[PDB]
Amino acid sequence: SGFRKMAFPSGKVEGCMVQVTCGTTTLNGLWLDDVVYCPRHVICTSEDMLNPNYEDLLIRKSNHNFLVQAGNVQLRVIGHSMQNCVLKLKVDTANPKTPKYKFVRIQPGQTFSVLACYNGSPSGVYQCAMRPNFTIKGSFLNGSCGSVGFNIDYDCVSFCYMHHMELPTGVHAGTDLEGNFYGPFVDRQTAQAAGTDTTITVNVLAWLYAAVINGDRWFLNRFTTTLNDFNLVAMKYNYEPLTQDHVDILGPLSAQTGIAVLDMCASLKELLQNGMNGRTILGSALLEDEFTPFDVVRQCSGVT
Amino acid sequence: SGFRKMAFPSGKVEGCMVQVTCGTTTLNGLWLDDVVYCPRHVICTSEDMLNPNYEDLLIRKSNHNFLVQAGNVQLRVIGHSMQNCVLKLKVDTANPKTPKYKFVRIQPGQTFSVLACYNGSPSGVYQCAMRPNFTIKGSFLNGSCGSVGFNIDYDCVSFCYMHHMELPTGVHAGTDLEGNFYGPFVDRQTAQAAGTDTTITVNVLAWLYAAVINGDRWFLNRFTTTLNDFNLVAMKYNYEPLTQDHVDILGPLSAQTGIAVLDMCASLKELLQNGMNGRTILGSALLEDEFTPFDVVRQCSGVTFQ
Ligand SMILES: *C(=N)c1ncn(-c2ncnc3nc(SC)sc23)n1
Ligand SMILES: *C(=N)c1ncn(-c2ncnc3nc(SC)sc23)n1
Ligand code: NA
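Residues numbered from 1 in each chain as written, not as in the entry; some residues may be left out. Chains lettered and ligands numbered in written order. Heavy atoms only, no water.

**Some details on the site of ligand 2**
Residues and elements named next belong to chain B.
For step 1, the next point in the chain: Close to ligand 2 lie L27, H41, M49, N142, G143, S144, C145, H164, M165, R188 and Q189, which account for all nearby residues.
For step 2, the next point in the chain: Between ligand 2 and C145, the relevant distance is 3.0 Å, taken from a nitrogen atom to a main-chain nitrogen or oxygen of the residue.
For step 3, the next point in the chain: The contact in question runs from a nitrogen atom of ligand 2 to an N or O atom on the side chain of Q189, over 3.1 Å.
For step 4, the next point in the chain: Here ligand 2, which alone exposes 430 Å², has 71% of that area covered by the protein.
For step 5, the next point in the chain: By residue class, the composition of the shell around ligand 2 is four nonpolar, six polar and one charged. (Near = heavy atom within 4 Å. Polar contact = N/O pair within 3.5 Å; in protein donor to acceptor, adjacent residues only side chain to side chain. Areas by Shrake-Rupley, 256 points an atom, 1.4 Å probe, with all protein chains shown as cover. Nonpolar A, V, L, I, M, F, W, Y, C, P; charged D, E, K, R; others polar.)

Right, here's the structure in full:
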């Protein structure tokens, strides 16, 4: 029993984290085979960052300007290039600890594990979701840039996030490993903000199913609803629309508990309209939307 | 900025997890140098569990009755002994991935990382606290016994918890790595139940300090309190007493934020009296008691967002 926000075991990723220094900036890089990936903003000073011409800044640097440290050992950079907003530093040594991996771009609503690192050294691991507004609610201090997010899908690590910056509201923005930002953000000092966010409906439903599986049932009721009427309510409470795809994706959880999706939707309607009346669900007083259906299934089955 | 329940990186522990089988029972073990530690109940049948005589069950086993699998490789058991409620299986091979480590027995209120494992293979990692009633609020299915809890301060792993069982309320009980149970629990199917739990006051305070460090002051007030009046009130909400040790331990968080401990105590009093009135603190609508002072200092900036 029990239900906890749970990260993937981080060991396969820990063996890929390195320190990258350029001038007076130190941040983290990801060392896979003979390439180290890191945010291209590592080459910028404060002044550069106001209006950077990355092409022009990079051509002025030599290989030997990039100091890359894997634990105690220096790696030698033998090439550098840019792909979108990430820098690729070719090094002389292949990482002997490179796991089987892929670069994937995730969708809003999907969760992943973050390995927070400072000076190329892993510090902590937690679970995040890509918010509808394409930010993440992370925990990152200065020096954390280049930390990555990942899922593990067999023995294969799927890297999906590299950290680039913090927005004024204290939430976080970054790229996929091909260097494309999640969201309408840029790696320069200009005014940028998180857009208004919404709640990830399908995930709240998943969590309601988790709660039932774990014996927390007080919010169930005799009523059912339709997709259209439910989505009228969702819109009103700043919830993402529920689609037929979401209903399909919730099928396994529905079958296991005997609660049809639209039956659970009637519970959620009531919670949104009436609140919780001083009660909690899985120890929370708010509705939790950072567990996916697959997250719930994985934790309430035991896959390893 | 931000604030999250954050576990230690699990890789140093992942390289120590193995599968142990005895008869039809499979669970997890912890492979350090040439010893595999696991719960002694691996030798029991379900019938045995009502009144097991572990000494008598164990004397009937040979080395070769214990099957230990490290990933793909079988290890050879060459010795066994029981210490308290753990079995130590001596094996032929030293773990080449053994980290620097020690065993520590923790106190109620201390937090640690759990690596939940099934069939000797890691499944996930999360943060837990030793509750005042000596249970943990974990996430564990059948097959999870032998999963361990740890901290990693510097490069040294401190093992503090091995999982043994689930209590009827759905909370979890286990031992230190010397095989002593936390709490009055036994590895026996009896009527045993977790005592009524309380909130870990010092940790709630720590978290209030975290919220200040991160730029939130709405819950502060102009009042102060004596330690004794605070404790008189707190006990009426099922909060653990705050001791002078706890006040000492909160000193650095007090210095960084400019808010005296007993002034933060007054804020908590008011929060308990009033609740939150639709507001959140660090994204929670409840008061959070699973972050220690040390946890807050580790995660938060040393510069308060004033
Ligand atoms: C990542 N290691 C990092 N530390 C500090 N910063 C940072 N500080 C100030 N401005 C700023 N702008 C960025 S992109 C628009 S990243 C950054 N990053
Ligand atoms: C740990 N690997 C595990 N799986 C299943 N059980 C278990 N099941 C039923 N009863 C029971 N009692 C125990 S100690 C009193 S452990 C256990 N454990
Ligand atoms: Na219903």
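There is more to say after this.
**Some points on the site of ligand 1**
Residues and elements named next belong to chain A.
For step 1, the next point in the chain: Neighbouring ligand 1 are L27, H41, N142, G143, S144, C145, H164, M165, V186, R188 and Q189.
For step 2, the next point in the chain: A distance of 3.4 Å is found between a nitrogen atom of ligand 1 and a backbone nitrogen or oxygen belonging to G143.
For step 3, the next point in the chain: Note that a nitrogen atom of ligand 1 is positioned 3.1 Å from one of the backbone N or O atoms of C145.
For step 4, the next point in the chain: When ligand 1 sits alone it has 440 Å² of accessible area, and the protein chains cover 71% of it.

**Details of the nonpolar core**
For step 1, the next point in the chain: With 40 residues, the main nonpolar core has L30 and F159 of chain A together with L30 and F159 of chain B as its most contacted residues.
For step 2, the next point in the chain: In this view, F159 of chain B contacts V13, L30, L32, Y101, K102, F103, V104, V148, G149, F150 and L177 of chain B; residues no more than four positions away in its chain are not counted. (Core = buried A, V, L, I, M, F, W, Y, C linked by side-chain atoms within 4.5 Å. Buried < 20%, exposed > 50% of the residue type's maximum accessible area, 1.4 Å probe, protein only. Contact = heavy atoms within 4.5 Å.)

**Some words on the coordination of the sodium ion (ligand 3)**
All names here are of chain A.
For step 1, the next point in the chain: Distances from the sodium ion (ligand 3) to its protein donors, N221 (O), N221 (OD1), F223 (O), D263 (O) and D263 (OD), fall within 2.1 to 3.1 Å.
For step 2, the next point in the chain: Sequence positions of the residues that donate to the sodium ion (ligand 3) give the spacing N-x1-F-x39-D. Taken together, the residues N221 in the loop between α4 (201-213) and α5 (227-236) and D263 in helix α8 (residues 261-274) connect sequence positions 42 residues apart.
For step 3, the next point in the chain: Judged by relative accessible area, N221 falls into the partly exposed class, the value being 23%. (Donors = N, O, S within 2.8 Å, 3.2 Å for Na, K, Ca; no water. Helix = DSSP H or I, 4+ residues; strand = E, 2+ residues; numbered from the N terminus.)

**Some points on the pairing of strand β10 (residues 121-129) of chain B**
Residue and element names in this part refer to chain B.
For step 1, the next point in the chain: Where burial is concerned, most of β10 is hidden: eight out of the nine residues are buried.
For step 2, the next point in the chain: Pairing geometry for strand β9 (residues 111-118) and β10, over eight bridges, is antiparallel. Within β10, the position partnered with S113 by the bridge is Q127.
For step 3, the next point in the chain: Where β9 hands over to β10, the hairpin turn is made up of two residues, of which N119 adopts a positive phi near 60 degrees. (Pairing = 2+ DSSP bridges.)

**Observations concerning the packing of α5 of chain A against α8 of chain A**
Between two packed helices, both the angle of their axes relative to each other and the distance between the axes serve to describe the pair.
Residue and element names in this part refer to chain A.
For step 1, the next point in the chain: Relative to each other, α5 and α8 sit at 25 degrees, their axes nearing to 10 Å. Taken as axis vectors, α5 and α8 run roughly parallel relative to one another. Crossing of α5 over α8 shows left-handed handedness. Packed against α5, whose contacting residues are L227, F230 and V233, the element α8 presents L262, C265, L268, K269, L272 and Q273 at the interface.
For step 2, the next point in the chain: Here the residues of the contact of α5 with α8 sort into seven nonpolar, one polar and one charged. (Axes fitted to C-alpha atoms, helices over the stretch in contact; angles between N-to-C directions. Parallel < 35°, antiparallel > 145°, perpendicular 65-115°, else oblique. Left-handed = near helix turned anticlockwise from the far one by under 90°.)

**Details of the sheet that holds strand β6 (residues 77-83) of chain A**
Residue and element names in this part refer to chain A.
For step 1, the next point in the chain: One open sheet accounts for seven strands, arranged β5-β4-β1-β2-β3-β7-β6; its pairing is antiparallel. Edge strands, defined here as strands with exactly one partner in the open sheet, are β5 (73-75) and β6. Between one strand and the next, the sheet's axes are offset by a mean angle of 30 degrees, whatever the strand orientation.
For step 2, the next point in the chain: Where strand β1 (residues 17-22) lies against strand β2 (residues 25-32), six bridges are found, and the strand directions are antiparallel. Opposite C22, over in β2, you have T25 as the bridge partner.

**Focus on α5 of chain A**
Residue and element names in this part refer to chain A.
For step 1, the next point in the chain: Inspection of α5 places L227, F230, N231, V233 and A234 among the buried residues, and these make up the whole buried set. End-on, the buried residues of α5 take up no more than an arc of 160 degrees, which puts them together on one face. Away from its buried face by more than 90 degrees, α5 exposes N228, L232, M235 and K236.
For step 2, the next point in the chain: Of the surrounding secondary structure, the elements contacted by the buried residues of α5 are α4, α6 (244-249) and α8. (Arc of directions from axis to C-beta.)

**Concerning the sheet that holds strand β6 (residues 77-83) of chain B**
Residues and elements named next belong to chain B.
For step 1, the next point in the chain: Reading across the sheet, the seven strands line up as β5-β4-β1-β2-β3-β7-β6 and stay open at both edges, with antiparallel pairing between neighbours. Every other strand in the sheet has two partners, leaving β5 (73-75) and β6 as the edge strands with one partner each. Here the average twist between neighbouring strands, direction ignored, is 30 degrees.
For step 2, the next point in the chain: As defined by bridge partners, strand β2 (residues 25-32) adjoins strand β3 (residues 35-39) across three bridges and the pair is classed as antiparallel. Bridge pairing links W31 to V36 in β3.

**Some details on the domain arrangement of chain B**
All names here are of chain B.
For step 1, the next point in the chain: Its domain assignment divides chain B into domain 1 (1-14 + 100-197), domain 2 (15-99) and domain 3 (198-301).
For step 2, the next point in the chain: If you look at the interface, domain 1 gives 34 residues, while domain 2 gives 28 residues.
For step 3, the next point in the chain: Its largest share of buried area at the contact with domain 2, domain 1 owes to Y101, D187 and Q189, together 23% of the area lost on that side.
For step 4, the next point in the chain: Run the count over domain 1 and domain 2 and you get one salt bridge.
For step 5, the next point in the chain: When the shortest N-O distance is used, the salt bridge between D187 and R40 registers 2.7 Å.
For step 6, the next point in the chain: Here domain 1 is connected to domain 2 by 21 residue pairs in polar contact. (Domains from an automatic or database assignment. Buried area = accessible area lost by both parts, 1.4 Å probe. Salt bridge = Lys/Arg side-chain N within 4 Å of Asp/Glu carboxyl O.)

**Quick look at the interface of chain A and chain B**
For step 1, the next point in the chain: Contact with chain A, which involves 39 residues of that partner, is made by 40 residues of chain B.
For step 2, the next point in the chain: Between chain A and chain B the total buried area reaches about 2800 Å² when both faces are included, carbon and sulfur atoms providing 50% of it.
For step 3, the next point in the chain: The salt bridge involving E290 of chain B is made with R4 of chain A; its shortest N-O contact spans 2.9 Å.
For step 4, the next point in the chain: Counting the contacts that link chain A with chain B gives 25 residue pairs in polar contact.
For step 5, the next point in the chain: Taken together, the elements giving at least two residues each to the side of chain A that touches chain B come down to α1 (11-14) and β10 (121-129) of chain A.
For step 6, the next point in the chain: At seven residues, β10 of chain A tops the list of elements feeding residues into the side of chain A that touches chain B.
For step 7, the next point in the chain: Grouping the constituent residues of the side of chain A that touches chain B by class yields 16 nonpolar, 17 polar and six charged.

**Digging into the pattern of salt bridges**
Residue and element names in this part refer to chain A.
For step 1, the next point in the chain: Per the counting criterion, the structure on display carries 20 salt bridges over all chains.
For step 2, the next point in the chain: A salt bridge links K5 to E288; its shortest N-O distance comes to 2.7 Å. Of this pair, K5 sits in the segment before α1 while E288 sits in the loop between α8 and α9 (293-299), placing them 283 residues apart in sequence.
For step 3, the next point in the chain: The class of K5 is partly exposed, set by a relative accessible area of 30%.
For step 4, the next point in the chain: Residue classification places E288 among the buried positions, given a relative accessible area of 18%.
For step 5, the next point in the chain: Put simply, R105 and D176 hold a salt bridge, and the shortest N to O gap is 2.8 Å.

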